[PDB]
Amino acid sequence: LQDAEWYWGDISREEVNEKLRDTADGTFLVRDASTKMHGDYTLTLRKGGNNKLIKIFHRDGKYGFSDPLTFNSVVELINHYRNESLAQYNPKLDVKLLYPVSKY
């Protein structure tokens, strides 16, 4: 994760939103979590118009999203979901975030 793509580099609702205010029906990027000085960031996705916020569970430098904090990498995780689909979050259904946003 030297820079990642979906993630721009931590920003704010102004940027995130301004970009997710007019996009496909399922976007996803990162939101700077400067409200703890101890956490990493916050995943945010556009659900057709309602930006859904999601917190990231970090500890010392790794990441928590599915496993007991061990993969220590988002690119590794997000990758496994980018090609598949987050069907573990909300049961009875599934979501697919194959529409990231950036400036690459």
# chains A, B, ... in the order shown; residues from 1 in each chain; ligands from 1
call {"tool": "residues_around", "arguments": {"residues": "residue 30 in chain A", "least_positions_apart": "2", "cutoff": "12 Å", "atoms": "only C-alpha atoms", "output": "PyMOL selection string"}}
result
chain A and resi 3-13+15-17+19-20+27-28+32-33+40-46+51-56+74+78+100-102
call {"tool": "residues_around", "arguments": {"residues": "residue 98 in chain A", "least_positions_apart": "4", "cutoff": "10 Å", "atoms": "only C-alpha atoms", "output": "compact mmCIF listing (two decimals) with C-alpha atoms, in the first residue's frame"}}
result
# COMPACT_ATOMS: atom_id res chain seq x y z
CA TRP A 6 -9.15 3.46 -4.61
CA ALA A 24 -21.99 5.13 -10.59
CA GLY A 26 -21.45 1.73 -5.94
CA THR A 27 -18.23 3.70 -5.50
CA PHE A 28 -15.57 3.38 -2.79
CA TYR A 81 -13.02 -8.48 -2.66
CA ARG A 82 -12.47 -6.34 -5.73
CA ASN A 83 -12.60 -9.44 -7.90
CA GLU A 84 -15.22 -11.17 -5.76
CA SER A 85 -17.71 -9.26 -3.63
call {"tool": "select_by_dssp", "arguments": {"residues": "chain A", "states": "strand (DSSP E or B)", "output": "number ranges by chain"}}
result
A: 27-32, 41-46, 51-55, 57, 64, 86, 95, 100
call {"tool": "select_by_dssp", "arguments": {"residues": "range 13-53 of chain A", "states": "helix (DSSP H, G or I)", "output": "MDAnalysis selection string"}}
result
chainID A and resid 13:20
call {"tool": "atom_distance", "arguments": {"atom1": "CA of residue 67 in chain A", "atom2": "CA of residue 47 in chain A"}}
result
24.7 Å
call {"tool": "residues_around", "arguments": {"residues": "residue 58 in chain A", "least_positions_apart": "2", "cutoff": "8 Å", "atoms": "only C-alpha atoms", "output": "PDB file with N, CA, C and O atoms, in the first residue's frame"}}
result
ATOM      1  N   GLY A  39      -6.239   5.594  15.047  1.00  0.00           N
ATOM      2  CA  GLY A  39      -6.838   4.701  14.009  1.00  0.00           C
ATOM      3  C   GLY A  39      -6.272   5.042  12.629  1.00  0.00           C
ATOM      4  O   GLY A  39      -5.584   6.030  12.466  1.00  0.00           O
ATOM      5  N   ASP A  40      -6.569   4.218  11.661  1.00  0.00           N
ATOM      6  CA  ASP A  40      -6.057   4.485  10.304  1.00  0.00           C
ATOM      7  C   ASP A  40      -6.992   5.432   9.547  1.00  0.00           C
ATOM      8  O   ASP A  40      -6.832   6.635   9.610  1.00  0.00           O
ATOM      9  N   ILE A  56     -12.442   1.466   9.914  1.00  0.00           N
ATOM     10  CA  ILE A  56     -11.343   0.482   9.705  1.00  0.00           C
ATOM     11  C   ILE A  56     -10.774   0.087  11.075  1.00  0.00           C
ATOM     12  O   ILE A  56     -10.437   0.949  11.860  1.00  0.00           O
ATOM     13  N   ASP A  60      -1.644  -1.452  15.295  1.00  0.00           N
ATOM     14  CA  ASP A  60      -0.276  -0.852  15.318  1.00  0.00           C
ATOM     15  C   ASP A  60       0.183  -0.491  13.914  1.00  0.00           C
ATOM     16  O   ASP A  60       1.033   0.357  13.733  1.00  0.00           O
ATOM     17  N   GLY A  61      -0.392  -1.143  12.947  1.00  0.00           N
ATOM     18  CA  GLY A  61      -0.007  -0.857  11.539  1.00  0.00           C
ATOM     19  C   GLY A  61      -0.700  -1.842  10.607  1.00  0.00           C
ATOM     20  O   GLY A  61      -0.637  -1.714   9.401  1.00  0.00           O
ATOM     21  N   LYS A  62      -1.347  -2.812  11.190  1.00  0.00           N
ATOM     22  CA  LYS A  62      -2.048  -3.811  10.367  1.00  0.00           C
ATOM     23  C   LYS A  62      -3.487  -3.363  10.104  1.00  0.00           C
ATOM     24  O   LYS A  62      -3.809  -2.207  10.290  1.00  0.00           O
ATOM     25  N   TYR A  63      -4.329  -4.276   9.670  1.00  0.00           N
ATOM     26  CA  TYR A  63      -5.739  -3.887   9.401  1.00  0.00           C
ATOM     27  C   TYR A  63      -6.716  -4.955   9.831  1.00  0.00           C
ATOM     28  O   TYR A  63      -6.401  -6.129   9.845  1.00  0.00           O
ATOM     29  N   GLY A  64      -7.893  -4.513  10.175  1.00  0.00           N
ATOM     30  CA  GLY A  64      -8.948  -5.457  10.616  1.00  0.00           C
ATOM     31  C   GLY A  64     -10.192  -5.241   9.783  1.00  0.00           C
ATOM     32  O   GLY A  64     -10.765  -4.163   9.784  1.00  0.00           O
ATOM     33  N   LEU A  69      -7.132  -9.521  12.360  1.00  0.00           N
ATOM     34  CA  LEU A  69      -5.991  -8.586  12.197  1.00  0.00           C
ATOM     35  C   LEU A  69      -4.688  -9.350  12.035  1.00  0.00           C
ATOM     36  O   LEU A  69      -3.951  -9.544  12.984  1.00  0.00           O
TER      37      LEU A  69
END
call {"tool": "atom_distance", "arguments": {"atom1": "CA of residue 14 in chain A", "atom2": "CA of residue 37 in chain A"}}
result
20.2 Å
